[PDB]
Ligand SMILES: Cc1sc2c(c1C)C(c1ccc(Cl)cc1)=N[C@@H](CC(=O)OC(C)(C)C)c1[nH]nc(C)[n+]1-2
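This document opens with one chain alone, in structure tokens, the form solved without the ligand.
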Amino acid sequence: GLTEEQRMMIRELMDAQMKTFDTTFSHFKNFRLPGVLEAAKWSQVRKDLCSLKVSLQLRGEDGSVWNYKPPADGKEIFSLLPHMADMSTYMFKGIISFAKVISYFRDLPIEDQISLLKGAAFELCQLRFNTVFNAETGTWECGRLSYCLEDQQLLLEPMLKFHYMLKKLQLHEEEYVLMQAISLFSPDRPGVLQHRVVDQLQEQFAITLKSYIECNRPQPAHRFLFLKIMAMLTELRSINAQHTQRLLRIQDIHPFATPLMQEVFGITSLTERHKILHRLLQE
């Protein structure tokens, strides 16, 4: 099997996930919704928003259903940004709480904790979003909220191909939370000082995930599952880089980022430029 230290490592990550992942989105409230009613910069922004166009569905407690179809391309392209801003911030807060519960993360310097959270916030959210993704319907089922993709041409978008590829691997709850740990403890994040320590921590999470697949799955059929998982994490880091650059382009012509997102994406001393992230980590 696995070393008891490896079994305890999974225990802490799973415990962190249970305490910090609102799988039913029950506590996601008070979010903004779309209301009822330089050229090269905008030209790039329109292509950034057209790729991920979704319809919104709100199921009520009484049984009624509200549905929102997105408009066609104008400034209407930023109709869902405040809602997505609230959803990202809500998810980022749960990721921050996830890292705080992990003991290996708490023992790191505060400047390294901010650097790791800044580089892995988007990735750990996509990893959590994949657990509520329905590939048959192309819908992220977030409790009462649902995000369905409007439209082969989808698989061209890397973030859509990522969710379909990751969902097809059919990972366990432990394998997902190990991907989060591996992604969180990335030593090559910008601003990280303790490179050697974070690299050794990442290797331990990777070894445990590699050992978990060997011990808990049929040996010949899942012979390369661990390597497929690492390839998805590499692709997710490429998508994280591309998403950050899109967001900074959208933010440039049309500010929409919340104060917490501004700290994560570098929008205007790590501790003095990331005071919200610093305060959330000190609580």
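The first residue of the sequence shown is number 1, and the count goes up from there.
The same protein has a further form, the form solved in complex with the ligand, not shown here; the description that follows concerns it.
Scanning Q204, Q194, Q126, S211 against the ligand in the deposited complex with a 4.5 Å heavy atom cut-off leaves one residue, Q126. Interface residue among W66, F224, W42, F256 relative to the ligand in the deposited complex, by the heavy atom within 4.5 Å criterion: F256. Annotated contact segment (heavy atom within 4.5 Å of the ligand in the deposited complex): 126-134, selected among 108-116, 126-134, 166-174, 186-194. In the deposited complex, the ligand lies farther than 4.5 Å from every heavy atom of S97. Shown alone here, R237 lies farther than 4.5 Å from the ligand in the deposited complex, counting heavy atoms only.
When contacts are judged by a 4.5 Å heavy atom cut-off, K228 does not count as touching the ligand in the deposited complex.
The closest heavy atom approach of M84 to the ligand in the deposited complex falls within 4.5 Å. Although the partner is absent from the chain shown here, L49, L52 and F92 each have a heavy atom within 4.5 Å of the ligand in the deposited complex.
Contacts of stretch 225-250 with the ligand in the deposited complex, defined by any heavy atom lying within 4.5 Å, are made by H243, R246, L247, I250, listed in sequence order.
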